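Peer 1: Pasting entry-v4.cif below, which is mmCIF, N, CA and C atoms.
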```cif
data_model
#
loop_
_atom_site.label_atom_id
_atom_site.label_comp_id
_atom_site.auth_asym_id
_atom_site.auth_seq_id
_atom_site.Cartn_x
_atom_site.Cartn_y
_atom_site.Cartn_z
N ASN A 1 287.96 -31.19 236.83
CA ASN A 1 287.36 -29.81 236.67
C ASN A 1 286.34 -29.59 237.79
N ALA A 2 285.69 -28.45 237.78
CA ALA A 2 284.66 -28.11 238.82
C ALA A 2 285.33 -28.00 240.20
N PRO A 3 285.68 -26.79 240.61
CA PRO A 3 286.24 -26.53 241.97
C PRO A 3 285.45 -27.14 243.12
N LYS A 4 284.27 -27.59 242.77
CA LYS A 4 283.30 -28.25 243.70
C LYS A 4 282.73 -27.20 244.66
N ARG A 5 281.84 -27.63 245.52
CA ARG A 5 281.22 -26.71 246.51
C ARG A 5 281.87 -26.96 247.89
N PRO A 6 282.63 -26.00 248.38
CA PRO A 6 283.20 -26.04 249.76
C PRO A 6 282.09 -26.13 250.84
N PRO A 7 282.45 -26.07 252.11
CA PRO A 7 281.48 -25.95 253.23
C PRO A 7 280.23 -25.11 252.93
N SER A 8 279.16 -25.44 253.61
CA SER A 8 277.86 -24.71 253.42
C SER A 8 277.43 -23.98 254.70
N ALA A 9 278.31 -23.99 255.68
CA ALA A 9 278.16 -23.37 257.04
C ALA A 9 277.90 -24.55 257.99
N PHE A 10 277.05 -25.38 257.46
CA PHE A 10 276.55 -26.63 258.05
C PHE A 10 277.65 -27.69 258.00
N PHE A 11 278.72 -27.38 257.32
CA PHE A 11 279.85 -28.36 257.23
C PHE A 11 280.74 -28.19 258.46
N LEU A 12 281.08 -26.96 258.74
CA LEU A 12 281.96 -26.66 259.91
C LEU A 12 281.31 -27.22 261.17
N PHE A 13 280.10 -26.76 261.40
CA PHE A 13 279.36 -27.22 262.60
C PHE A 13 279.15 -28.75 262.54
N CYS A 14 278.82 -29.28 261.39
CA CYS A 14 278.61 -30.76 261.26
C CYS A 14 279.82 -31.52 261.79
N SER A 15 280.96 -31.16 261.24
CA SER A 15 282.23 -31.81 261.65
C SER A 15 282.40 -31.78 263.16
N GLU A 16 282.36 -30.57 263.67
CA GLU A 16 282.51 -30.27 265.12
C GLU A 16 281.94 -31.37 266.00
N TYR A 17 280.71 -31.75 265.71
CA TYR A 17 280.09 -32.83 266.54
C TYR A 17 279.40 -33.94 265.74
N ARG A 18 280.10 -34.43 264.75
CA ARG A 18 279.54 -35.52 263.91
C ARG A 18 279.87 -36.85 264.62
N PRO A 19 281.11 -37.12 264.99
CA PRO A 19 281.46 -38.34 265.78
C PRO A 19 280.71 -38.40 267.13
N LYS A 20 280.18 -37.27 267.51
CA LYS A 20 279.42 -37.14 268.79
C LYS A 20 277.95 -37.52 268.63
N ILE A 21 277.39 -37.29 267.47
CA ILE A 21 275.94 -37.64 267.26
C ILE A 21 275.94 -39.09 266.77
N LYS A 22 277.06 -39.43 266.21
CA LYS A 22 277.35 -40.77 265.66
C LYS A 22 277.66 -41.70 266.84
N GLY A 23 278.13 -41.10 267.91
CA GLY A 23 278.49 -41.86 269.14
C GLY A 23 277.22 -42.21 269.91
N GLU A 24 276.34 -41.25 269.96
CA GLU A 24 275.03 -41.40 270.66
C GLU A 24 274.08 -42.22 269.79
N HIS A 25 274.14 -41.90 268.52
CA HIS A 25 273.31 -42.56 267.48
C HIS A 25 274.26 -43.11 266.40
N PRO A 26 274.85 -44.24 266.69
CA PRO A 26 275.62 -45.04 265.69
C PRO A 26 274.64 -45.81 264.78
N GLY A 27 273.55 -45.16 264.47
CA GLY A 27 272.49 -45.74 263.60
C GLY A 27 272.02 -44.70 262.58
N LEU A 28 272.89 -43.78 262.24
CA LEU A 28 272.55 -42.71 261.27
C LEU A 28 273.20 -43.07 259.92
N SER A 29 272.61 -42.54 258.89
CA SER A 29 273.05 -42.72 257.48
C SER A 29 273.35 -41.32 256.96
N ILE A 30 273.65 -41.20 255.70
CA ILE A 30 273.94 -39.84 255.15
C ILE A 30 272.63 -39.06 254.98
N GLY A 31 271.59 -39.72 255.42
CA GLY A 31 270.21 -39.18 255.37
C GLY A 31 269.73 -38.88 256.79
N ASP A 32 270.40 -39.44 257.78
CA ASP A 32 269.98 -39.20 259.20
C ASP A 32 270.97 -38.23 259.79
N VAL A 33 272.22 -38.44 259.51
CA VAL A 33 273.29 -37.54 260.03
C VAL A 33 273.04 -36.15 259.40
N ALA A 34 272.44 -36.21 258.24
CA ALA A 34 272.10 -35.02 257.43
C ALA A 34 270.79 -34.44 257.90
N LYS A 35 269.87 -35.30 258.24
CA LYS A 35 268.55 -34.82 258.73
C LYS A 35 268.71 -34.18 260.13
N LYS A 36 269.44 -34.86 260.98
CA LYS A 36 269.71 -34.43 262.38
C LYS A 36 270.37 -33.07 262.30
N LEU A 37 271.48 -33.03 261.61
CA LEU A 37 272.21 -31.73 261.47
C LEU A 37 271.32 -30.75 260.75
N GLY A 38 270.68 -31.22 259.72
CA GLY A 38 269.76 -30.34 258.90
C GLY A 38 268.78 -29.57 259.79
N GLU A 39 268.62 -30.11 260.97
CA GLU A 39 267.73 -29.54 262.01
C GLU A 39 268.59 -28.71 262.96
N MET A 40 269.50 -29.37 263.62
CA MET A 40 270.42 -28.71 264.59
C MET A 40 270.99 -27.39 264.06
N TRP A 41 271.47 -27.48 262.85
CA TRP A 41 272.07 -26.35 262.10
C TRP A 41 271.01 -25.27 262.04
N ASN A 42 269.90 -25.71 261.53
CA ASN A 42 268.73 -24.81 261.38
C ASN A 42 268.40 -24.20 262.75
N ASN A 43 268.70 -24.92 263.81
CA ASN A 43 268.43 -24.43 265.20
C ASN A 43 269.74 -24.35 266.02
N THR A 44 270.80 -23.83 265.42
CA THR A 44 272.10 -23.73 266.17
C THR A 44 272.20 -22.37 266.88
N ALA A 45 271.17 -21.58 266.66
CA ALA A 45 270.97 -20.20 267.21
C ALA A 45 270.66 -19.31 266.00
N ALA A 46 271.53 -19.45 265.03
CA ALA A 46 271.52 -18.71 263.72
C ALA A 46 272.65 -17.70 263.89
N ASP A 47 272.69 -17.19 265.10
CA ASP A 47 273.71 -16.18 265.50
C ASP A 47 274.99 -16.92 265.95
N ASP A 48 274.96 -18.21 265.71
CA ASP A 48 276.06 -19.16 266.03
C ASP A 48 276.55 -19.66 264.66
N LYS A 49 275.69 -19.54 263.68
CA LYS A 49 276.03 -19.98 262.31
C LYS A 49 277.03 -18.94 261.86
N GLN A 50 276.57 -17.71 261.82
CA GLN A 50 277.39 -16.52 261.40
C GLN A 50 278.92 -16.73 261.36
N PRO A 51 279.59 -17.07 262.44
CA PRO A 51 281.05 -17.40 262.43
C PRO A 51 281.42 -18.47 261.39
N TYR A 52 280.73 -19.58 261.46
CA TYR A 52 281.00 -20.72 260.51
C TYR A 52 280.55 -20.30 259.11
N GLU A 53 279.40 -19.70 259.10
CA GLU A 53 278.73 -19.20 257.88
C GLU A 53 279.68 -18.36 257.03
N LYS A 54 280.15 -17.29 257.62
CA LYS A 54 281.09 -16.35 256.94
C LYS A 54 282.25 -17.11 256.28
N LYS A 55 282.64 -18.21 256.87
CA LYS A 55 283.77 -18.99 256.27
C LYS A 55 283.22 -19.78 255.10
N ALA A 56 282.21 -20.57 255.35
CA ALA A 56 281.58 -21.39 254.26
C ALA A 56 281.43 -20.46 253.05
N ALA A 57 280.92 -19.28 253.31
CA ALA A 57 280.71 -18.25 252.26
C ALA A 57 282.09 -17.99 251.62
N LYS A 58 283.04 -17.47 252.36
CA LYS A 58 284.43 -17.18 251.85
C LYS A 58 284.91 -18.21 250.81
N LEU A 59 284.72 -19.45 251.17
CA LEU A 59 285.13 -20.59 250.28
C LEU A 59 284.18 -20.73 249.09
N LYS A 60 282.91 -20.83 249.36
CA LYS A 60 281.88 -20.96 248.27
C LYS A 60 282.25 -19.89 247.23
N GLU A 61 282.48 -18.70 247.74
CA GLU A 61 282.86 -17.50 246.94
C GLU A 61 284.05 -17.85 246.04
N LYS A 62 285.08 -18.42 246.62
CA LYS A 62 286.28 -18.78 245.79
C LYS A 62 285.82 -19.62 244.60
N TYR A 63 285.05 -20.62 244.93
CA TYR A 63 284.49 -21.55 243.92
C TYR A 63 283.71 -20.80 242.86
N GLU A 64 282.82 -19.96 243.31
CA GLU A 64 281.95 -19.13 242.43
C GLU A 64 282.71 -18.31 241.39
N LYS A 65 283.95 -18.01 241.67
CA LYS A 65 284.77 -17.21 240.71
C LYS A 65 285.66 -18.12 239.87
N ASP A 66 285.79 -19.31 240.37
CA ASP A 66 286.61 -20.36 239.73
C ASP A 66 285.72 -21.24 238.88
N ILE A 67 284.45 -21.14 239.17
CA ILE A 67 283.46 -21.94 238.42
C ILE A 67 282.98 -21.04 237.33
N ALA A 68 282.80 -19.81 237.72
CA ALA A 68 282.34 -18.79 236.75
C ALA A 68 283.44 -18.75 235.69
N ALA A 69 284.67 -18.88 236.15
CA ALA A 69 285.83 -18.84 235.22
C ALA A 69 285.90 -20.15 234.42
N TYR A 70 285.67 -21.25 235.09
CA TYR A 70 285.72 -22.58 234.44
C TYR A 70 284.68 -22.78 233.33
N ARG A 71 283.47 -22.39 233.63
CA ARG A 71 282.36 -22.53 232.66
C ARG A 71 282.42 -21.38 231.66
N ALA A 72 283.20 -20.38 231.98
CA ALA A 72 283.34 -19.21 231.06
C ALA A 72 284.71 -19.19 230.35
N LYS A 73 285.27 -20.37 230.21
CA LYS A 73 286.60 -20.63 229.55
C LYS A 73 287.79 -20.62 230.53
N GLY A 74 287.74 -21.54 231.47
CA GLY A 74 288.82 -21.66 232.49
C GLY A 74 289.53 -23.00 232.27
N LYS A 75 290.00 -23.16 231.06
CA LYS A 75 290.72 -24.39 230.63
C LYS A 75 292.20 -24.12 230.32
N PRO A 76 292.54 -22.99 229.72
CA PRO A 76 293.97 -22.60 229.53
C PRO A 76 294.74 -22.32 230.84
N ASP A 77 294.17 -22.74 231.95
CA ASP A 77 294.74 -22.58 233.34
C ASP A 77 296.13 -21.93 233.40
N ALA A 78 296.10 -20.63 233.28
CA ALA A 78 297.32 -19.75 233.30
C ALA A 78 298.64 -20.47 232.94
N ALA A 79 298.65 -20.98 231.74
CA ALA A 79 299.84 -21.72 231.21
C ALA A 79 300.72 -20.77 230.37
#
```
Kindly return the structure encoded in the file as structure tokens.

Peer 2:
Amino acid sequence: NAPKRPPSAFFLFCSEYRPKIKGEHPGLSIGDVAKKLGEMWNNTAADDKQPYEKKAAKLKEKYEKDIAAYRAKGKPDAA
């Protein structure tokens, strides 16, 4: 259950250059790769997020209606 949470905007961009920050800094954890990006993302322009952002949203949105449905009786899954 739980459609889960798709990309957050920061997922698209993260992927794009994760093996690249990992290549320069093969000493990051899910707390450093996250902290680094948590910054980069925050400083990716903002007007560079928008493209990735709109998608992360599109998906989050899907979830939001599938979660709203799940927690609001989304168990008889169109049977």

Peer 1: Translate the PyMOL selection byres (((chain A and resi 6 and name CA) around 10) and name CA), as applied to the file shown, into an explicit residue set as a list in words.

Peer 2: residues 3, 4, 5, 7, 8, 9, 11, 55, 56, 57, 58, 59, 60, 61, 62 and 63 of chain A

Peer 1: To one decimal in Å, tell me the separation between atom CA of residue 50 of chain A and atom CA of residue 10 of chain A.

Peer 2: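 Answer for the atom CA of residue 50 of chain A to atom CA of residue 10 of chain A separation: 10.7 Å.
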
Peer 1: Between A:2, A:52, A:70, A:75, which has the minimum distance to residue 16 of chain A (counting only C-alpha atoms)?

Peer 2: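 Ranking A:2, A:52, A:70, A:75 by distance to residue 16 of chain A, first place goes to A:52.
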
Peer 1: Which value, in Å to one decimal, gives the distance between atom N of residue 36 of chain A and atom N of residue 64 of chain A?

Peer 2: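 Distance reported for this atom pair: 26.7 Å.
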
Peer 1: In Å, how far is it from atom C of residue 23 of chain A to atom N of residue 45 of chain A?

Peer 2: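 Separation between atom C of residue 23 of chain A and atom N of residue 45 of chain A: 21.7 Å.
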
Peer 1: Pop chain A out of the structure in the block and write C-alpha atoms as a PDB file, in the first residue's frame.

Peer 2:
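Generated file (selection-v5.pdb):
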```
ATOM      1  CA  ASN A   1       0.000   0.000   0.000  1.00  0.00           C
ATOM      2  CA  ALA A   2       1.055   3.705   0.040  1.00  0.00           C
ATOM      3  CA  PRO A   3       1.883   4.909  -3.537  1.00  0.00           C
ATOM      4  CA  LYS A   4       4.953   6.380  -1.792  1.00  0.00           C
ATOM      5  CA  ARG A   5       6.432   9.822  -2.529  1.00  0.00           C
ATOM      6  CA  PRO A   6       7.842  10.210  -6.111  1.00  0.00           C
ATOM      7  CA  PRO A   7      10.667  12.731  -6.941  1.00  0.00           C
ATOM      8  CA  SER A   8      10.843  15.975  -4.920  1.00  0.00           C
ATOM      9  CA  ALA A   9      12.466  18.046  -7.759  1.00  0.00           C
ATOM     10  CA  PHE A  10      15.719  17.362  -5.968  1.00  0.00           C
ATOM     11  CA  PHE A  11      15.494  13.761  -7.199  1.00  0.00           C
ATOM     12  CA  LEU A  12      15.783  14.513 -10.925  1.00  0.00           C
ATOM     13  CA  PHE A  13      18.693  16.891 -10.430  1.00  0.00           C
ATOM     14  CA  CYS A  14      20.253  14.556  -7.774  1.00  0.00           C
ATOM     15  CA  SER A  15      20.358  11.652 -10.198  1.00  0.00           C
ATOM     16  CA  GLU A  16      21.751  13.800 -13.017  1.00  0.00           C
ATOM     17  CA  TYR A  17      25.027  14.270 -11.150  1.00  0.00           C
ATOM     18  CA  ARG A  18      25.058  11.870  -8.196  1.00  0.00           C
ATOM     19  CA  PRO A  19      27.796   9.490  -9.609  1.00  0.00           C
ATOM     20  CA  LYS A  20      29.632  12.763 -10.366  1.00  0.00           C
ATOM     21  CA  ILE A  21      29.698  14.131  -6.785  1.00  0.00           C
ATOM     22  CA  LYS A  22      30.279  10.560  -5.675  1.00  0.00           C
ATOM     23  CA  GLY A  23      33.219  10.439  -8.126  1.00  0.00           C
ATOM     24  CA  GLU A  24      34.819  13.588  -6.706  1.00  0.00           C
ATOM     25  CA  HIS A  25      33.718  12.739  -3.171  1.00  0.00           C
ATOM     26  CA  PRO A  26      33.529   8.928  -2.839  1.00  0.00           C
ATOM     27  CA  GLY A  27      33.239   9.714   0.891  1.00  0.00           C
ATOM     28  CA  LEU A  28      29.567  10.757   1.077  1.00  0.00           C
ATOM     29  CA  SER A  29      26.750   8.966   2.941  1.00  0.00           C
ATOM     30  CA  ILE A  30      22.976   9.365   2.575  1.00  0.00           C
ATOM     31  CA  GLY A  31      23.582  12.325   4.875  1.00  0.00           C
ATOM     32  CA  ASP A  32      26.381  13.930   2.806  1.00  0.00           C
ATOM     33  CA  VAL A  33      25.098  13.162  -0.688  1.00  0.00           C
ATOM     34  CA  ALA A  34      21.864  14.583   0.744  1.00  0.00           C
ATOM     35  CA  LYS A  35      23.493  17.533   2.455  1.00  0.00           C
ATOM     36  CA  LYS A  36      25.568  18.430  -0.660  1.00  0.00           C
ATOM     37  CA  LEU A  37      22.556  18.200  -2.940  1.00  0.00           C
ATOM     38  CA  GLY A  38      20.380  19.727  -0.198  1.00  0.00           C
ATOM     39  CA  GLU A  39      22.555  22.770  -0.862  1.00  0.00           C
ATOM     40  CA  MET A  40      23.212  22.537  -4.625  1.00  0.00           C
ATOM     41  CA  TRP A  41      19.490  22.038  -5.235  1.00  0.00           C
ATOM     42  CA  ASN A  42      18.750  24.948  -2.994  1.00  0.00           C
ATOM     43  CA  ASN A  43      21.295  26.861  -5.164  1.00  0.00           C
ATOM     44  CA  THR A  44      20.660  25.280  -8.626  1.00  0.00           C
ATOM     45  CA  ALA A  45      19.338  28.720  -9.752  1.00  0.00           C
ATOM     46  CA  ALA A  46      15.740  27.989  -8.666  1.00  0.00           C
ATOM     47  CA  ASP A  47      14.824  28.880 -12.234  1.00  0.00           C
ATOM     48  CA  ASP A  48      16.605  25.603 -13.111  1.00  0.00           C
ATOM     49  CA  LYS A  49      14.499  23.659 -10.598  1.00  0.00           C
ATOM     50  CA  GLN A  50      11.248  24.679 -12.342  1.00  0.00           C
ATOM     51  CA  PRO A  51      11.697  22.098 -15.236  1.00  0.00           C
ATOM     52  CA  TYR A  52      12.526  19.242 -12.829  1.00  0.00           C
ATOM     53  CA  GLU A  53      10.182  20.706 -10.233  1.00  0.00           C
ATOM     54  CA  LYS A  54       7.079  20.650 -12.445  1.00  0.00           C
ATOM     55  CA  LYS A  55       7.705  16.917 -12.989  1.00  0.00           C
ATOM     56  CA  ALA A  56       8.372  16.027  -9.333  1.00  0.00           C
ATOM     57  CA  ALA A  57       5.080  17.863  -8.718  1.00  0.00           C
ATOM     58  CA  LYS A  58       3.200  15.972 -11.552  1.00  0.00           C
ATOM     59  CA  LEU A  59       4.160  12.690  -9.850  1.00  0.00           C
ATOM     60  CA  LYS A  60       3.743  13.803  -6.202  1.00  0.00           C
ATOM     61  CA  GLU A  61       0.283  14.903  -7.426  1.00  0.00           C
ATOM     62  CA  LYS A  62      -0.504  11.390  -8.725  1.00  0.00           C
ATOM     63  CA  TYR A  63       0.411  10.040  -5.302  1.00  0.00           C
ATOM     64  CA  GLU A  64      -1.647  12.713  -3.518  1.00  0.00           C
ATOM     65  CA  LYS A  65      -4.806  11.453  -5.255  1.00  0.00           C
ATOM     66  CA  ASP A  66      -3.874   7.817  -4.816  1.00  0.00           C
ATOM     67  CA  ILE A  67      -3.010   8.354  -1.189  1.00  0.00           C
ATOM     68  CA  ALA A  68      -6.022  10.492  -0.593  1.00  0.00           C
ATOM     69  CA  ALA A  69      -7.903   7.588  -2.177  1.00  0.00           C
ATOM     70  CA  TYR A  70      -5.969   4.925  -0.236  1.00  0.00           C
ATOM     71  CA  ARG A  71      -6.478   6.485   3.196  1.00  0.00           C
ATOM     72  CA  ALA A  72     -10.038   7.384   2.182  1.00  0.00           C
ATOM     73  CA  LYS A  73     -10.954   3.743   1.258  1.00  0.00           C
ATOM     74  CA  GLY A  74      -8.699   2.748  -1.670  1.00  0.00           C
ATOM     75  CA  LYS A  75      -8.678  -0.988  -0.905  1.00  0.00           C
ATOM     76  CA  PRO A  76     -11.417  -2.376  -3.273  1.00  0.00           C
ATOM     77  CA  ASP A  77      -8.889  -1.400  -6.064  1.00  0.00           C
ATOM     78  CA  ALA A  78     -11.396  -1.269  -8.961  1.00  0.00           C
ATOM     79  CA  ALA A  79     -12.186  -5.002  -8.798  1.00  0.00           C
TER      80      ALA A  79
END
```
